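A short write-up of the structure that comes next.
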Amino acid sequence: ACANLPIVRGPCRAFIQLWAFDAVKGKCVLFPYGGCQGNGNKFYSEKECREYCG
Amino acid sequence: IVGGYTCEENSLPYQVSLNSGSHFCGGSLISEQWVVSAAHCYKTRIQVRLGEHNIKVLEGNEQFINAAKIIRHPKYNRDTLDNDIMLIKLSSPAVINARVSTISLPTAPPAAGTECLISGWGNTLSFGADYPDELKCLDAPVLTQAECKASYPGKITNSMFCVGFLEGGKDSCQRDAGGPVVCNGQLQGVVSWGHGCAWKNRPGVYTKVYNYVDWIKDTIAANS
Ligand SMILES: [Ca+2]
């Protein structure tokens, strides 16, 4: 479900820390979202990300 | 901020840090109870920190004040970034003094060439990450609409202008969003976006504060 999405920071210049699936490593990780134009691979909690991904 | 210098302590008393536990954006104090920042810095809960210089060290003169209202521009567009501006109302008024004071809103858009002052606690590298403890500053000109559009074909809306150096090496950066671009005593811009930071031909893009002057007035009037 999440194996085909990269982690995208985007061009904005905030630091909104979020969760995303890292496809190489196989798990949910913390990443620094710039606040805009992400993809669907970002979640507010580890829990939310693990559920959406499996 | 990439390629700038550490500000003199408390010489930009309008600069604030927004904090949700750690610092994550900038802002500008525009009256005793209101701060301007970027819409994309939105979070549900935010603490405004005023009189900061070194955000990691308690220096004794900071004011820590929770946001009571956090109001994104009602036309902020997540797809194009049009109208990337936000207002925050403090839960109690800032105490104005030598270290904490307001920056005036602007009376005209700024002219191309005008030297401006951009500041905050964002990253200082174009490649890699080095987040500073002390406020950084940078002197940079406003660019023409033509250079700005040529740099970002198709993406520069009416709410946006560019400020920097086309040769690269100097720009705002992640964790600066929301912070001020001050030109001749006035708040002319808000740190918004770019491709990378300080890359050649990719100047910073900033929200035009002049265009929101009536919206700011109205929103202050309507939430008093
Ligand atoms: Ca401090």
Side-chain angles (χ1 to χ4, degrees), chain A, chain B residues 1-2 17-27 37-44 46 72 76-84 86 118 120-123 129 131 151-152 155 160 171-179 189-199 202-207:
Chain A
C2 290
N4 310 311
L5 279 156
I7 292 182
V8 183
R9 294 177 186 199
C12 285
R13 277 170 181 190
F15 165 62
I16 315 296
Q17 188 166 65
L18 298 177
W19 293 84
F21 197 76
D22 181 308
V24 172
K25 308 187 70 148
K27 34 163 198 183
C28 293
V29 299
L30 281 174
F31 84 106
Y33 181 51
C36 72
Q37 303 178 328
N39 66 16
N41 186 21
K42 68 177 144 58
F43 309 97
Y44 289 97
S45 43
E46 194 165 358
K47 172 164 222 222
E48 214 180 295
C49 175
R50 295 171 98 111
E51 286 190 4
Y52 186 102
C53 300
Chain B
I1 302 289
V2 177
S17 165
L18 309 181
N19 191 279
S20 56
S22 309
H23 161 82
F24 67 95
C25 269
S37 184
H40 81 251
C41 293
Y42 181 86
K43 288 188 191 203
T44 295
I46 293 175
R72 277 176 293 197
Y76 168 58
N77 190 318
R78 287 155 187 65
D79 299 307
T80 51
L81 317 180
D82 209 35
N83 311 303
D84 190 7
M86 169 167 82
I118 307 174
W121 292 273
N123 194 7
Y131 288 99
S151 278
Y152 295 108
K155 319 196 140 141
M160 308 177 185
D171 195 1
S172 48
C173 200
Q174 278 63 44
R175 297 197 211 172
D176 293 311
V190 183
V191 177
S192 199
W193 65 277
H195 284 172
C197 294
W199 294 341
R202 302 288 183 253
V205 180
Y206 297 86
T207 305

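Proteins get letters first, then strands, A, B, ... in listed order; numbering begins at 1 in each.
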When B:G196, B:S37, B:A177 are compared by non-hydrogen pairs under 4.5 Å with chain A, the top option
B:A177
Not counting sequence neighbours, which residues clear side chain to side chain contact (heavy atoms under 4.5 Å, CB included) with B:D176? List them please.
B:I1, B:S172, B:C173, B:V191
If one checks every heavy atom of B:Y76 against chain A at 4.5 Å, the contacting part turns out to be side chain
Scored by heavy-atom pairs under 4.5 Å with chain A, the best of B:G194, B:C41, B:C25 is B:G194
Within 6.0 Å of OH in B:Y131, more than 12 heavy atoms from elsewhere
yes
Looking at B:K43, I'd like to know if its NZ atom is crowded, meaning that more than 12 non-hydrogen atoms belonging to other residues, nucleotides or ligands lie closer than 6.0 Å.
yes
Donor-acceptor pairs are to be reported for all side-chain atoms of residues 15-23 of chain A against protein atoms at under 3.5 Å, with residues two or more places apart or in another chain.
{"from": "A:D22", "atom 1": "OD1", "to": "A:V24", "atom 2": "N", "distance (Å)": "3.1"}
{"from": "A:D22", "atom 1": "OD1", "to": "A:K25", "atom 2": "N", "distance (Å)": "2.9"}

Contacts of residues 1-14 of chain A with chain B (heavy atom under 4.5 Å)
A:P11, A:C12, A:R13, A:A14
Nearest non-hydrogen partners of A:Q37 and B:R78, listed with the distance
CG-O, 4.0 Å
Side chain, backbone, both or neither: which part of B:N123 has an atom under 4.5 Å from a heavy atom of chain A?
neither
Check side chain to side chain contact (heavy atoms under 4.5 Å, CB included) between B:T207 and all other residues, then give those that pass, not counting sequence neighbours.
B:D84, B:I85, B:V190, B:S192, B:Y212
By a 4.5 Å heavy-atom criterion (distance strictly below it), what part of B:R175 contacts chain A: side chain, backbone, both, or neither?
both
